[PDB]
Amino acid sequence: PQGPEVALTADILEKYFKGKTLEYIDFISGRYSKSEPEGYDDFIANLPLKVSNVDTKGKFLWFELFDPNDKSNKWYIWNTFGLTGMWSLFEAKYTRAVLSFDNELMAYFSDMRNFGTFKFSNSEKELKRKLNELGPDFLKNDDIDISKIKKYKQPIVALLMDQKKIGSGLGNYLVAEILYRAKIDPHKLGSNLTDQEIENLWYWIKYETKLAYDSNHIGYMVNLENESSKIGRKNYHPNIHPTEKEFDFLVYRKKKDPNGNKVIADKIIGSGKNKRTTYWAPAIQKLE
């Protein structure tokens, strides 16, 4: 899941668990049932703890907890989703982690491919340094300066997929959709973009991330599509107003764009076993 999906997940987790007391956390299958997460023993020794917040930056999510009788003792749960990670209020297929709160209340993290990660820390300083490794959140930061793009002689698609250089939160499908809307050839070097293209790009980044965030069932958040329709949406990018009422793929994994133009499944980024497919329509997206 990308930035918008992680942010919405955090919103739902806060709605149901902020203020609740976590009593236990179990890794019933997957990587962590085979080898425990960093800081796990330390953490379980300090439970029960109360959840004060569930926040996100880009595709990174974390829980902040503390003991009511020692507000100073703050603990954190670091979580990344990988390609198939998801949270749910019910024990879905592929459930890896089970969090037990007071009063029989439960939260579950499922992950088919086990690429998601968990880390437990008692250091606010370590979390801060972690957050500083990520660029500003494309969905939550309404005043990002993307003109920094002009300093890089690299394909714009690669710059937007990077989680530090310009901003954080964009993944394979969002970048493809954004570039199509902005009418920019994915191969174009950031150092060759005009100020007008940059202004345009910023607009569509805000448009697409907000649309994705406001959606209820784009696809990979099925275990919560029920909750997505029962919770509101924070007013990120307040001045941008998408017309569609649900996110839809214009080019990602499509043979043709909405108007019949051929879509190329291009291999631009990566090498070896990490190559990604970049979907774009040349009749629309130009280098100039």
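The first residue of the shown sequence is 1; numbering continues from there.
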{"query": "Given 196-204 and 78-86, the range whose Cα B-factors average higher in the PDB entry", "finding": "196-204"}
{"query": "Stretch with the greater mean C-alpha B-factor as recorded in the entry, comparing 7-15 against 261-269", "finding": "261-269"}
{"query": "Deposited CA B-factor, highest of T56, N223, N46, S29", "finding": "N223"}
{"query": "Residue with highest C-alpha B-factor in the PDB entry, from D102, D111, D185, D137", "finding": "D102"}
{"query": "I146, C-alpha B-factor rank within chain (lowest, middle or highest third)", "finding": "highest"}
{"query": "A281 CA temperature factor, ranked by third within the chain", "finding": "lowest"}
{"query": "B-factor third for the C-alpha atom of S191 within its chain", "finding": "highest"}
{"query": "Third assignment of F118 from its chain's C-alpha B-factors", "finding": "lowest"}
{"query": "Chain-wide C-alpha B factor ranking for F247, given as lowest, middle or highest third", "finding": "highest"}
